[PDB]
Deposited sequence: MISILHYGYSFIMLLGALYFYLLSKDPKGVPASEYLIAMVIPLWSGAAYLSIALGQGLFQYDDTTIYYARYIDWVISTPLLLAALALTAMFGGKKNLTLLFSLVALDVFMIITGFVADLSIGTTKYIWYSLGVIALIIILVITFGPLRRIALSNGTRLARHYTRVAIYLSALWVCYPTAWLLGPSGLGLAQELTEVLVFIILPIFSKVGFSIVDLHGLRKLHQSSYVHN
């Protein structure tokens, strides 16, 4: 069942990537770079999850799905780039702020991987450093990044705020599920966590980019 769910995920990612490629052929004032990012995220995630379906992307008394971290270390920084470029649409780019988000995010994912390989109190030291990184990412998202969005007009700002809330709501679920599942307190069962880390990413990757790109395309008129 776990294998079949991962095949299904990969096929959905493929369909998402094809959809974004089609959208790219009629870009409606959205730079090609934003279509490329929207395509890379699902294709990379699909390949990582395919490795799990084939029984390669995990090792074992606890089962570590290490392929998830290989996925996120590429997919999550690209999602923050998409969010940052949304705020800066039609205005000057602030690449320093964008790369600050990339740095925080990559660190966040690495701490998660190390926490998963750690035992006892050490696990929760690494987990905590990752949570602090997420908090700073959210402060940037709703603070300085949102102020850039406002400087680019009411229509863009409203779209940015919608996508920022969408992303923020989904992202807080990952460390919550992690802590409750076998990697943390073990209150939730493996099958439950597997289902969460199938459903969340579909909304986080394909769903986010549909909402993000449709909003920006609508600003063309």
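Trainee: Can you list the gaps, in order, where the deposited sequence has no modelled residues?
Mentor: Coordinates drop out over 61 to 62, 224 to 229.
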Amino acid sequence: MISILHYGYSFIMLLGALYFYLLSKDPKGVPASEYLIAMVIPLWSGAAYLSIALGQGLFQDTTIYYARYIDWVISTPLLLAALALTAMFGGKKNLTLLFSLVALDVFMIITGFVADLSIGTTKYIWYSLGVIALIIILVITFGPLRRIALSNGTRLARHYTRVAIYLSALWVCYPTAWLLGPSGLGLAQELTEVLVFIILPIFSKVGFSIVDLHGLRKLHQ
From here on, numbers count along this sequence of modelled residues.
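Trainee: If you look at the other compared entries where the surrounding residues are built, does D61 lack coordinates in a third or more?
Mentor: Yes; at least one third of the other entries leave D61 out.
Trainee: Please compare 94 to 102 with 119 to 127 and say which has the higher mean C-alpha temperature factor in the record.
Mentor: The stretch with the larger average C-alpha B-factor is 119 to 127.
Trainee: Averaging CA B factors per stretch from the PDB record, which one is higher: 191 to 199 or 35 to 43?
Mentor: It is 191 to 199.
Trainee: Place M13 in the lowest, middle or highest third of its chain's C-alpha B-factors, as listed in the PDB entry.
Mentor: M13: CA B-factor falls in the middle third of its chain.
Trainee: Is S51 in the lowest, middle or highest third of its chain when residues are ranked by C-alpha B-factor?
Mentor: Middle third by C-alpha B-factor.
Trainee: Within this chain, which third does the Cα B-factor at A177 fall in: lowest, middle or highest?
Mentor: It falls in the bottom third of the chain.
Trainee: Thinking about Cα B factors across the chain, which third does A157 belong to?
Mentor: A157: CA B-factor falls in the lowest third of its chain.
Trainee: Which third, lowest, middle or highest, does the C-alpha temperature factor of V211 belong to within its own chain?
Mentor: According to the entry, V211 has a C-alpha B-factor in the chain's lowest third.
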